[PDB]
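Okay, so we've got a single protein chain in two different forms coming up as structure tokens, structure 1 first and structure 2 after it.
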Structure 1
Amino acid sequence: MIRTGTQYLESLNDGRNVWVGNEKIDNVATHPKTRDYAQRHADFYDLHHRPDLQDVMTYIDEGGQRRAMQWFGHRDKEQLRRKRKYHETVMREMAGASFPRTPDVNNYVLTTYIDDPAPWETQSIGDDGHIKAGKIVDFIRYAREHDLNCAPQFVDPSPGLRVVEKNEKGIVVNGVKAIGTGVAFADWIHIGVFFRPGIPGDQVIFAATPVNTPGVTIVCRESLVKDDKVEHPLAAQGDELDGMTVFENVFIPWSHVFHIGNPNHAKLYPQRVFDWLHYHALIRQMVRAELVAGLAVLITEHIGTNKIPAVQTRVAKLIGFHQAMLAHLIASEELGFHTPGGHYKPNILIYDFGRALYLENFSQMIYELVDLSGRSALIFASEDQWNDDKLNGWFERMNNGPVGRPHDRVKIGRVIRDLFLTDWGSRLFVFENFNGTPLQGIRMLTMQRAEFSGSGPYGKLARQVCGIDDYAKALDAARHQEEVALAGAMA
């Protein structure tokens, strides 16, 4: 049976040590500061029990068990599209993709271990042979069974998390994981790291631990949730907190340790892990661009500016941005490739270039919407003002346009305001540069590779115009994923 929201809310009250701003949180499910977002997670779970969404939200596995599509492994392009349609439906249903780290996103990442668990073991160092690939798989199967949200914590800002003790039982780790999103709302924390030049071996740690593990403290920014859901129909729905996690002599048994000790392993295997979350981000970006275009269509129509040609071309601009996101996503899916375990993975270069295009232009596109909406964005009637005997008539006449009731202008502006002109909405704006690797990151790590050099495919045409000049074979399986993706793109 698939986890219910009610079971989720209950599980949160587990003694987890959480700060939200200045306050200590006794129960994340009920504290006024967290409880709207927690309920968003509960609704996530209850979407898997909605009769009308069953086709999209669930699957029957080979054992005959109905399971949430968040665990669904895709081995070809048609299966990939079915998964995307799941993620898309989840975010469309949940305030138009305002919650980017629902558990379906968080858990997508575990697909990499399952696909190819052995290198995580075999490349481990400092280990005394205790880590086992089979136990990595066992943990993921356990998560899937209980529908557990495993919040990933990989990025670092010497306070980084490190091994301070090793015995026959497991490891002790001490330090800080600087970035985490929604961890106070998860069941487990998924610890990882990305390579940086000179990363010490005792900082190379991949593992999992419960959110209430003793010595774990979750320190989150203040909550931006709004009280009044009528003035703030989106920002009153909860705030997906970001924060840091402190680990004070936290013990992790070897069974839940995936890898330690190998800096070269940290060069490409973590990228492979975060690939799934990057692909998810582009789906999200597409949906956000559709929402932004759509709001410009609704507001310019209700104001009556829609038929002004100047405005027509700017709206067409917002629609084109959405189509660019869809073109990268679709193309990424068409030109995917099989991973060593035989999952099908969309093309990494195309969907990351999708992301870079979004991260580059989304500011100006939002600014366009805000500007198109004039005063209707910020200065509109509160509800009581609108329904007041003396004010109502004035408000009706100042918001009359061609298409529909005058109050629909207020309804539109409340959304534009919540998404783009509140702290809550601004958090989303900013998070986008932290939802996987930033713009500058995509471009840097792509351009360091030998297949984007004059020797590579991009040099070939320019060379002639100028008159110049299988994982069995491949020795690095996760490097091969990068090369095979350019193969597919440039053919």
Structure 2
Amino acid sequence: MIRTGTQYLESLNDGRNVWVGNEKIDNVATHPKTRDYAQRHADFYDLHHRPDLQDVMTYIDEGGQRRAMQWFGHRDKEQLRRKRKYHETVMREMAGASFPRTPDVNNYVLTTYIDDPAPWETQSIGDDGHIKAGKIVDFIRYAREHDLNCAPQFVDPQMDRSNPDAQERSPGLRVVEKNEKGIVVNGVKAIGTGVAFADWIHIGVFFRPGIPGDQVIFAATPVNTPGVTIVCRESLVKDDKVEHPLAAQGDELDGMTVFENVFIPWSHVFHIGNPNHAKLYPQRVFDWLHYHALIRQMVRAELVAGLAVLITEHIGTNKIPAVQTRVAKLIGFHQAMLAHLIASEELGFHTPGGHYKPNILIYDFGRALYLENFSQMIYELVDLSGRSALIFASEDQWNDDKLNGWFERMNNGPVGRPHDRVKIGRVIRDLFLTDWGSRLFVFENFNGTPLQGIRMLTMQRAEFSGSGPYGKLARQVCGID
């Protein structure tokens, strides 16, 4: 059947070597600093067993077996919308897209290998013909069958951006041995989200100038592999769910993976050795994460606009003309992200393997627009709230004999329900005035590369030209051709 939450939490007790800040984690599923976000993954798995959600969360495969939608391939626009409906439902069900790396997101990128596996094999260098397209498809089919969480770690160490000669010194993961059975790898995958909570690490790399072949590695290994150490930032999870209804639900840890002479059988190596292959194929893997981030950006905008409507209605600024036009900014932002999501689905194309991909240019520029504006939109939500965004009663101040009477009168705006301003306050404060929400803004700003990086890669990949179909209108107006 489809994996359950209990099966997930049980499988975390597997020997994995995990730091979270200054601490060592006995069992990710039960430790104070990690159990809350482990239960969030459990909840994710449990949503696929909820009968009111079976139509949206699951599908019948051609074999007759019911599967999680996170394994659903899409070959047309209607199939894309069904996938987007699944991703959207998962992030709405889970604290308003507050947990952006649920397994559905992690595993989405695997579909690029399924679509066209051969080039990974044929462009390899130094595998002595042991890498097999069939084994790539086999690993992914294995992930599907067991509902395994493959956490992607691709990005380089942030060592020294001064040098193009930097990558000779790199502590980045390299191949130190190749034999009949597989490769041995040594060094760091410098950054990943949620790896302490995953089953398998999806290893990969982006091209950088001068990248040696022994650091071009796409492969998979279990989180509990001997030689693997997960090294995570301190947990930001909060002990009081009444004061912090979002931040008490757990912290989606980020951190690095140390590999000490780790063995990886050829059956789980997708490609090694070719810098050129690392140019466009890695971008094709992360495309699916870029499209997904549009779904998130839309739910996030919708939340921020919503919270603006609620708080201005409750303090009674909502009918002040100058505030109406500020709330219109946050609402316009949401409609903009909605427009880009729907436009990307309309203007899509079929890949080599005949999968339907949404419009690259629309979702990538949609992400750039989100990152350009997001912090201004949070400034606006906080600014519209005035003091109610931070200076509200603790629940015990509120319910105290002496203080209750004063609290209730100070929060007596036009839509009654005085305690409700404390509820809106709590969510605004968790989402954007705590360590826990600040991490989410950093994740959002960096996970798919930041604003200048999005723009640079999109232009390098598009190869826009004066003589290209881009310029036809300009050329005609100037009388060139």
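For clarity, a rigid core is taken as the largest C-alpha set superposing within 1.5 Å between two forms. Structure 1's sequence is the ruler for residue numbers, which start at 1.
Hey, does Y458 budge by 2 Å or more at the Cα between structure 1 and structure 2 once the core is superposed?
Shift of 2 Å or more: yes.
For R449, does the CA position differ by 2 Å or more between structure 1 and structure 2 when the superposition is done on the rigid core?
Yes: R449 shifts by at least 2 Å between structure 1 and structure 2.
By how many angstrom does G63 shift at its CA between structure 1 and structure 2 when the core is held fixed?
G63 is displaced by 1.1 Å at its C-alpha.
After superposing on the rigid core, how much does the Cα of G404 shift between structure 1 and structure 2, in Å?
Comparing the two forms, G404 shifts 3.6 Å at C-alpha.
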